Structures are given as structure tokens and as C-alpha cells.
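Heads up: the structure comes next, in C-alpha cells.
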Amino acid sequence: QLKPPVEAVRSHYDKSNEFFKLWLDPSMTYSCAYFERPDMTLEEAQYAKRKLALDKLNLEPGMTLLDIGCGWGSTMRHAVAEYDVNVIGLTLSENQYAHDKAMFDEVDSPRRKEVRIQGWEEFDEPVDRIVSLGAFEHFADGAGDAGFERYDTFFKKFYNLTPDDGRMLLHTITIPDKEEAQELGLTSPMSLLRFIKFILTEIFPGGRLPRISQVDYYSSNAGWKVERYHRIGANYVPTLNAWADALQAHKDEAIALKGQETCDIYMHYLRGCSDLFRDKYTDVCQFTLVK
Ligand SMILES: Nc1ncnc2c1ncn2[C@@H]1O[C@H](CSCC[C@H](N)C(=O)O)[C@@H](O)[C@H]1O
Ligand SMILES: CCCCCCCCCC[N+](C)(C)CCCCCCCCCC
């Protein structure tokens, strides 16, 4: 069986909740926002992004929703409150677990609000609908068993854990297909290579970005059909800019918590990544997978 990338994932996400709070929106949503309307704030765009994803699962009350890689819980909390479903959240982060365990305790509701420190590789329960936002980029990584081949186990596992009317909303960052890349005229300056190196070393160790053709191959191989490809990477520019700005704003506060270095590293990372999505080097897509 497969082994979850615990140390690699925790090296980032367990940096400090207080820290992440300083620059993330109030719901601490940590994935590409969605500005469905020009005048939304980051916080409203995040809600819009969550809604966009959830409305595609055609959720009815009573169903059990599975959030693979639930971060700081926003999607779970939103799912219950707006669709009245039961939710199980998976994460490898200890601080996110701690944070969500407490966040759920605040408001009481009939439905189930479960958060676990369990990898998708170990999940084995029947669920109605699945949602994963910004966690997929870690799925080709593992504690010793890294490799894209992992996607195959992924789409099969969850194809078998869902009903005939099963649906999965896969939200992930993506890189251009061999062709679509040359048409964009994407170059790789020495500075770009240095940045990627910086990201894979200090920010997201083990991260791997899929091409759309990869998601198609492995998901279809399990029997899934993409009912809709919704590319929205351009939205990541406002998002990453909002995050970097918010961090600049509370710079003194942040330098207090984590020091000077950590803050320089993060600003560099937030700023650098924005241009990647603006320049079309990377994109974001929400695959609506159905049977
Ligand atoms: N193998 C694995 N199994 C389960 N969760 C994983 C994982 N690798 C990474 N993750 C989780 O995926 C998340 C990436 S951050 C995304 C958080 C959330 N979906 C949001 O949109 O705010 C983290 O919570 C991390 O713990
Ligand atoms: C090229 C190496 C890429 C490693 C990517 C690891 C991605 C982890 C994504 C995690 N979330 C969803 C929390 C988002 C973080 C902000 C966007 C970062 C985009 C980086 C693009 C690098 C090319």
C-alpha cells in the first residue's frame, strides 16, 4: 500500500497557525480564490470559490461529503452550513487538525463534522461526494513511494468508494501540455529555474504539478469522465497578491512570530508565484469528474 508524505507536508503547513492567519483571509482558505464578480474581497472570492466547487457535486441533505486535504477547514464548515451534509476531512497537518477540531466545536449542528490526521492513501470508507482543493499537487509525492503512478491508485480507490451517481470535484494547479506550452511561447530563464529550485526546497518539498492529459489518463483509466474542465488560473494573481500584501502589512507582527528569514522567504515565494500564473507558466483547473 501507499505511504503518505507526512514530513514533506508538515514542513510547510505546520509552520504556525498564528502566522498563516496574519495573511490569509478570515476563513484561512489556502487555494486559488475565485473572483466571480469584480468587486469581491479576498474573503468573498474564497467563499465564491468554495461555492463554485460545491455546487458541482449536486449535494442533497444527509449525504456524506469527503474533503481530501481540508487545510484549515473552510470547505467543511461551508459544506455543512450551506448544503446540510455530513463532512469528513482529511489532512496530514497537526496544526490544521488542532485548529479544525476546535473550530467545529464552536458551532453545534446535527450533521457530522469530522477531521482526521489520515492520508487519502489510507482512507477506506463509502462516501457520496468528494472535493479536493489544492491538495492534489502533493498526491504524486509519498514517504518513499513518490511517482505519478500514484494517481492511478487515487482515482481507482475513490471510484470504488462512491455510488453510481458519484461525483468528484478535483481542483489543482497544472502545467501546460507539451503542445499548449510551445504555442504559449514559454521560456525558462535562469531566474525562473532558480525560483522553482527555491520553491521545491524551502516551500513545497515533493510537490508535483500534473498536466491536464495526466489527469485524463489516470482518471479515465479508473472509469471517470470529465463532465467539465473549468480553468481559472488567472484568479491566482489577485489571490497571491492579496496574500503577499497582507503579509507586508503585518510584517512586524510576522517577524515577531517566525523571525526575519521566514518572512523574507514567504514574501519571495508569494510574489514569485503570482507572476507564474499571470505569465501562463502555470494554471488552475477544476475537473468535474462523473461516472
Ligand atoms: N497524501 C495526503 N493525504 C491527505 N491530505 C494531504 C495529503 N498531502 C497533502 N494533504 C493536505 O492537503 C492540503 C493542502 S493546502 C489546501 C487546504 C484546503 N483544501 C483549502 O483549500 O484551504 C493540506 O491540508 C495537507 O495537509
Ligand atoms: C514546480 C514545483 C511545484 C510544487 C508545487 C506544490 C504545490 C502545493 C500547492 C499548495 N497550495 C494549494 C496550498 C497553494 C499555495 C499557493 C500557490 C503556489 C503555486 C506554486 C506554483 C509553482 C510553479
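Ordering of the C-alpha cells sets the chain letters (A, B, ...), residue numbers begin anew at 1 in every chain, and ligands are numbered from 1 in the order given.
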
With a distance cut-off of 8 Å and only C-alpha atoms, select the neighbouring residues of residue 235 in chain A, excluding the residue or stretch itself and same-chain residues fewer than 5 positions from it, and output the selection as a PyMOL selection string. chain A and resi 32-35

With N, CA, C and O atoms retained, could you export that selection as a CSV table (one decimal), in the first residue's frame?
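Result file is out_28.csv:
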```csv
chain,number,residue,atom,x,y,z
A,32,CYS,N,-6.4,28.8,-4.7
A,32,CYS,CA,-6.8,29.8,-5.7
A,32,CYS,C,-8.2,30.3,-5.4
A,32,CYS,O,-9.2,29.5,-5.4
A,33,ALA,N,-8.4,31.6,-5.2
A,33,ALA,CA,-9.7,32.2,-4.9
A,33,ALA,C,-10.4,32.3,-6.2
A,33,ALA,O,-9.8,32.0,-7.3
A,34,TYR,N,-11.7,32.7,-6.2
A,34,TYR,CA,-12.5,32.8,-7.4
A,34,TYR,C,-13.3,34.1,-7.4
A,34,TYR,O,-14.3,34.2,-6.7
A,35,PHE,N,-12.8,35.1,-8.2
A,35,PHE,CA,-13.5,36.4,-8.2
A,35,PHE,C,-14.6,36.3,-9.3
A,35,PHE,O,-14.4,36.8,-10.4
```

Dump as JSON lines the rows for residues of chain A within 9 Å of ligand 1: closest atom pair and distance in Å with one decimal, only C-alpha atoms and all ligand atoms counted, ordered by chain and rising residue number.
```
{"residue": "A:3", "atom": "CA", "partner": "ligand 1", "partner_atom_place_in_ligand_line": "1 (N)", "distance": 7.8}
{"residue": "A:4", "atom": "CA", "partner": "ligand 1", "partner_atom_place_in_ligand_line": "1 (N)", "distance": 4.6}
{"residue": "A:5", "atom": "CA", "partner": "ligand 1", "partner_atom_place_in_ligand_line": "1 (N)", "distance": 5.8}
{"residue": "A:6", "atom": "CA", "partner": "ligand 1", "partner_atom_place_in_ligand_line": "8 (N)", "distance": 7.4}
{"residue": "A:8", "atom": "CA", "partner": "ligand 1", "partner_atom_place_in_ligand_line": "8 (N)", "distance": 8.5}
{"residue": "A:9", "atom": "CA", "partner": "ligand 1", "partner_atom_place_in_ligand_line": "9 (C)", "distance": 5.7}
{"residue": "A:10", "atom": "CA", "partner": "ligand 1", "partner_atom_place_in_ligand_line": "26 (O)", "distance": 7.2}
{"residue": "A:13", "atom": "CA", "partner": "ligand 1", "partner_atom_place_in_ligand_line": "23 (C)", "distance": 6.6}
{"residue": "A:14", "atom": "CA", "partner": "ligand 1", "partner_atom_place_in_ligand_line": "26 (O)", "distance": 8.8}
{"residue": "A:27", "atom": "CA", "partner": "ligand 1", "partner_atom_place_in_ligand_line": "22 (O)", "distance": 8.3}
{"residue": "A:28", "atom": "CA", "partner": "ligand 1", "partner_atom_place_in_ligand_line": "22 (O)", "distance": 6.4}
{"residue": "A:29", "atom": "CA", "partner": "ligand 1", "partner_atom_place_in_ligand_line": "22 (O)", "distance": 3.6}
{"residue": "A:30", "atom": "CA", "partner": "ligand 1", "partner_atom_place_in_ligand_line": "22 (O)", "distance": 3.7}
{"residue": "A:31", "atom": "CA", "partner": "ligand 1", "partner_atom_place_in_ligand_line": "21 (O)", "distance": 4.5}
{"residue": "A:32", "atom": "CA", "partner": "ligand 1", "partner_atom_place_in_ligand_line": "21 (O)", "distance": 7.6}
{"residue": "A:33", "atom": "CA", "partner": "ligand 1", "partner_atom_place_in_ligand_line": "21 (O)", "distance": 8.8}
{"residue": "A:46", "atom": "CA", "partner": "ligand 1", "partner_atom_place_in_ligand_line": "21 (O)", "distance": 8.7}
{"residue": "A:50", "atom": "CA", "partner": "ligand 1", "partner_atom_place_in_ligand_line": "21 (O)", "distance": 8.1}
{"residue": "A:67", "atom": "CA", "partner": "ligand 1", "partner_atom_place_in_ligand_line": "19 (N)", "distance": 7.4}
{"residue": "A:68", "atom": "CA", "partner": "ligand 1", "partner_atom_place_in_ligand_line": "5 (N)", "distance": 5.6}
{"residue": "A:69", "atom": "CA", "partner": "ligand 1", "partner_atom_place_in_ligand_line": "12 (O)", "distance": 3.4}
{"residue": "A:70", "atom": "CA", "partner": "ligand 1", "partner_atom_place_in_ligand_line": "19 (N)", "distance": 4.4}
{"residue": "A:71", "atom": "CA", "partner": "ligand 1", "partner_atom_place_in_ligand_line": "24 (O)", "distance": 3.2}
{"residue": "A:72", "atom": "CA", "partner": "ligand 1", "partner_atom_place_in_ligand_line": "22 (O)", "distance": 5.9}
{"residue": "A:73", "atom": "CA", "partner": "ligand 1", "partner_atom_place_in_ligand_line": "22 (O)", "distance": 6.9}
{"residue": "A:74", "atom": "CA", "partner": "ligand 1", "partner_atom_place_in_ligand_line": "22 (O)", "distance": 6.5}
{"residue": "A:75", "atom": "CA", "partner": "ligand 1", "partner_atom_place_in_ligand_line": "20 (C)", "distance": 7.0}
{"residue": "A:89", "atom": "CA", "partner": "ligand 1", "partner_atom_place_in_ligand_line": "5 (N)", "distance": 8.6}
{"residue": "A:90", "atom": "CA", "partner": "ligand 1", "partner_atom_place_in_ligand_line": "4 (C)", "distance": 5.2}
{"residue": "A:91", "atom": "CA", "partner": "ligand 1", "partner_atom_place_in_ligand_line": "26 (O)", "distance": 3.9}
{"residue": "A:92", "atom": "CA", "partner": "ligand 1", "partner_atom_place_in_ligand_line": "26 (O)", "distance": 4.1}
{"residue": "A:93", "atom": "CA", "partner": "ligand 1", "partner_atom_place_in_ligand_line": "26 (O)", "distance": 4.6}
{"residue": "A:94", "atom": "CA", "partner": "ligand 1", "partner_atom_place_in_ligand_line": "26 (O)", "distance": 8.3}
{"residue": "A:96", "atom": "CA", "partner": "ligand 1", "partner_atom_place_in_ligand_line": "24 (O)", "distance": 6.8}
{"residue": "A:97", "atom": "CA", "partner": "ligand 1", "partner_atom_place_in_ligand_line": "24 (O)", "distance": 8.7}
{"residue": "A:117", "atom": "CA", "partner": "ligand 1", "partner_atom_place_in_ligand_line": "4 (C)", "distance": 7.9}
{"residue": "A:118", "atom": "CA", "partner": "ligand 1", "partner_atom_place_in_ligand_line": "4 (C)", "distance": 6.2}
{"residue": "A:119", "atom": "CA", "partner": "ligand 1", "partner_atom_place_in_ligand_line": "3 (N)", "distance": 3.4}
{"residue": "A:120", "atom": "CA", "partner": "ligand 1", "partner_atom_place_in_ligand_line": "3 (N)", "distance": 4.2}
{"residue": "A:121", "atom": "CA", "partner": "ligand 1", "partner_atom_place_in_ligand_line": "1 (N)", "distance": 6.3}
{"residue": "A:122", "atom": "CA", "partner": "ligand 1", "partner_atom_place_in_ligand_line": "3 (N)", "distance": 8.2}
{"residue": "A:123", "atom": "CA", "partner": "ligand 1", "partner_atom_place_in_ligand_line": "3 (N)", "distance": 8.8}
{"residue": "A:131", "atom": "CA", "partner": "ligand 1", "partner_atom_place_in_ligand_line": "19 (N)", "distance": 8.5}
{"residue": "A:132", "atom": "CA", "partner": "ligand 1", "partner_atom_place_in_ligand_line": "19 (N)", "distance": 6.0}
{"residue": "A:133", "atom": "CA", "partner": "ligand 1", "partner_atom_place_in_ligand_line": "19 (N)", "distance": 4.2}
{"residue": "A:134", "atom": "CA", "partner": "ligand 1", "partner_atom_place_in_ligand_line": "16 (C)", "distance": 4.6}
{"residue": "A:135", "atom": "CA", "partner": "ligand 1", "partner_atom_place_in_ligand_line": "12 (O)", "distance": 3.7}
{"residue": "A:136", "atom": "CA", "partner": "ligand 1", "partner_atom_place_in_ligand_line": "12 (O)", "distance": 7.2}
{"residue": "A:137", "atom": "CA", "partner": "ligand 1", "partner_atom_place_in_ligand_line": "9 (C)", "distance": 7.8}
{"residue": "A:138", "atom": "CA", "partner": "ligand 1", "partner_atom_place_in_ligand_line": "8 (N)", "distance": 4.8}
{"residue": "A:139", "atom": "CA", "partner": "ligand 1", "partner_atom_place_in_ligand_line": "1 (N)", "distance": 5.4}
{"residue": "A:140", "atom": "CA", "partner": "ligand 1", "partner_atom_place_in_ligand_line": "1 (N)", "distance": 8.4}
{"residue": "A:141", "atom": "CA", "partner": "ligand 1", "partner_atom_place_in_ligand_line": "1 (N)", "distance": 7.5}
{"residue": "A:142", "atom": "CA", "partner": "ligand 1", "partner_atom_place_in_ligand_line": "1 (N)", "distance": 7.1}
{"residue": "A:171", "atom": "CA", "partner": "ligand 1", "partner_atom_place_in_ligand_line": "19 (N)", "distance": 8.8}
```

What residues in range 22-240 of chain A get the DSSP label strand (DSSP E)? Please answer as a ChimeraX atom specification. /A:64-68,86-90,113-116,129-133,167-174,225-231

Residue with smallest distance to residue 185 in chain A - pool A:125, A:279, A:164, A:202, counting only C-alpha atoms: A:279

Return the single residue from A:77, A:21, A:259, A:234 that is closest to residue 100 in chain A, with distances computed using only C-alpha atoms. A:77

What parts of range 65-196 of chain A does DSSP call alpha helix (DSSP H)? I'd like the answer as a count of residues only. 48

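CA of residue 269 in chain A sits 28.4 Å away from CA of residue 149 in chain A.
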
Contacts of residue 248 in chain A at 12 Å or less, counting only C-alpha atoms, minus same-chain residues fewer than 5 places along, as a PyMOL selection string? chain A and resi 22-23+241-243+253-255+263-264+266-268+270-271

Go ahead and write the residues just picked, C-alpha atoms, as an mmCIF file, in the first residue's frame.
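File selection.cif, as written:
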```cif
data_model
loop_
_atom_site.group_PDB
_atom_site.id
_atom_site.type_symbol
_atom_site.label_atom_id
_atom_site.label_comp_id
_atom_site.auth_asym_id
_atom_site.auth_seq_id
_atom_site.Cartn_x
_atom_site.Cartn_y
_atom_site.Cartn_z
ATOM 1 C CA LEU A 22 -1.779 37.058 9.615
ATOM 2 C CA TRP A 23 -2.028 36.971 5.833
ATOM 3 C CA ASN A 241 -1.101 39.388 -4.430
ATOM 4 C CA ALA A 242 -3.628 39.766 -1.644
ATOM 5 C CA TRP A 243 -1.651 37.252 0.438
ATOM 6 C CA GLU A 253 3.982 41.156 13.655
ATOM 7 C CA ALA A 254 5.088 38.248 11.463
ATOM 8 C CA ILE A 255 8.804 38.929 12.001
ATOM 9 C CA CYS A 263 9.232 36.307 6.319
ATOM 10 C CA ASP A 264 11.658 37.107 3.506
ATOM 11 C CA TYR A 266 7.495 33.747 2.211
ATOM 12 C CA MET A 267 7.244 37.165 0.566
ATOM 13 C CA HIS A 268 9.640 35.947 -2.128
ATOM 14 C CA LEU A 270 4.143 34.664 -2.664
ATOM 15 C CA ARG A 271 5.382 37.359 -5.060
#
```

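For the residues A:209, A:115, A:244, A:226, ranking by smallest atom-to-atom distance to ligand 2 using only C-alpha atoms and all ligand atoms places A:209 first.
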
Please report the interatomic distance between CA of residue 24 in chain A and CA of residue 42 in chain A in Å with one decimal. 8.8 Å

To one decimal place, how far is CA of residue 177 in chain A from CA of residue 286 in chain A in Å?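 So the two atoms, CA of residue 177 in chain A and CA of residue 286 in chain A, lie 16.3 Å apart.
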
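Minimum distance to ligand 2 across A:252, A:12, A:129, A:114 (counting only C-alpha atoms and all ligand atoms) occurs at A:12.
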